[PDB]
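We begin with a single chain expressed as structure tokens, specifically the form deposited in one PDB entry.
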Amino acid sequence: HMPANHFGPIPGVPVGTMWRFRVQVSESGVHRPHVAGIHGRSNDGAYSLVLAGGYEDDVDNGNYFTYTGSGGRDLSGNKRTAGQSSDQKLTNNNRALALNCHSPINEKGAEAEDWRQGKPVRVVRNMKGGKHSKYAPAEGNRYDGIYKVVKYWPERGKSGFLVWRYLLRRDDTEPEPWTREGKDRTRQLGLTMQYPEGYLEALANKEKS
């Protein structure tokens, strides 16, 4: 089994692999947290992230995308998400992701000195991101490969509050699952949406009324 702090591709899981639920992606080890968008350790880096339309400031352009840090939210009331209500900080997950950038951590943002040498980030695209992105899968989750943090900086988001932003760029030899060659490669490998054991059945039952 792969350790929680494993950087890079997970052996046995090619780009294009799909899962219906987040907990499945966790089980696979591609993205351990079942809720958080960022999986990271503040003294090491970010191992993976998921684009799921959870933050209004994300900008998805396929091989390039601007990701938003987490936080700057008031979850009092046993919540897991909310709108921005305060400034984000370069701490926890946000700091973990900045460490991937090939450059020393910088409180005012930083750029990489050869982004390709930065630490790898496993990127997963979720269908909820499709409300504002043409690269999101139609259903569930899809592993799109390895990306690297080219740079990160702070600025006011749409809500007026400060948010941390990261520019990620793809660095994977496998083709993008959303392109023609990616679509083909997925078929050849015979990859298909994976569901938890007994789900499809339980679903067919439910669909009787």
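Shifts are known only where both forms have a C-alpha. We number the residues from 1 along the sequence you see. Throughout, rigid core stands for the largest set of C-alpha atoms superposing within 1.5 Å between the two forms.
- Item | Across other compared entries, residue 82 missing in at least a third | Per the records, residue 82 goes unmodelled in at least a third of the other entries.
- Task: Pick between 135-143 and 76-84: the one whose mean CA B-factor in the entry is higher.
- Result: For C-alpha atoms only, the mean B-factor is higher in 76-84.
- Pick between 33-41 and 171-179: the one whose mean CA B-factor in the entry is higher. According to the PDB entry, the answer is 171-179.
- Message: Is residue 122 in the lowest, middle or highest third of its chain when residues are ranked by C-alpha B-factor?
- Response: As the PDB entry reports it, the C-alpha B-factor of residue 122 lands in the lowest third of its chain.
- Tell me, lowest, middle or highest third: where does the Cα B factor of residue 116 rank within its chain? As the PDB entry reports it, the C-alpha B-factor of residue 116 lands in the highest third of its chain.
- Third assignment of residue 71 from its chain's C-alpha B-factors: Residue 71: CA B-factor falls in the lowest third of its chain.
- Item | Relative C-alpha B-factor of residue 98, binned into the chain's lowest, middle or highest third | According to the entry, residue 98 has a C-alpha B-factor in the chain's lowest third.
- Query: Split the chain's modelled residues into thirds by Cα B-factor; is residue 90 in the lowest, middle or highest one?
  - Reply: Lowest third, going by the recorded CA B-factors of the chain.
There is also a form deposited in another entry; it is not shown, and the following applies to it.
- Is it true that residue 161 shifts between the shown form and the other one by 2 Å or more at the Cα, once the core is aligned? Residue 161 C-alpha, core-superposed: shift of 2 Å or more.
- Query: If you line up the core, does residue 56 shift 2 angstroms or more at its C-alpha between the shown form and the other one?
  - Reply: After core superposition, the displacement of the residue 56 C-alpha between the shown form and the other one reaches the 2 Å mark, so yes.
- Fit the two forms on the core and write out the ranges of at least 3 consecutive residues whose every CA moves by 2 Å or more between the shown form and the other one. Three-plus residue runs displaced between the shown form and the other one: 54-58, 84-87, 156-162.
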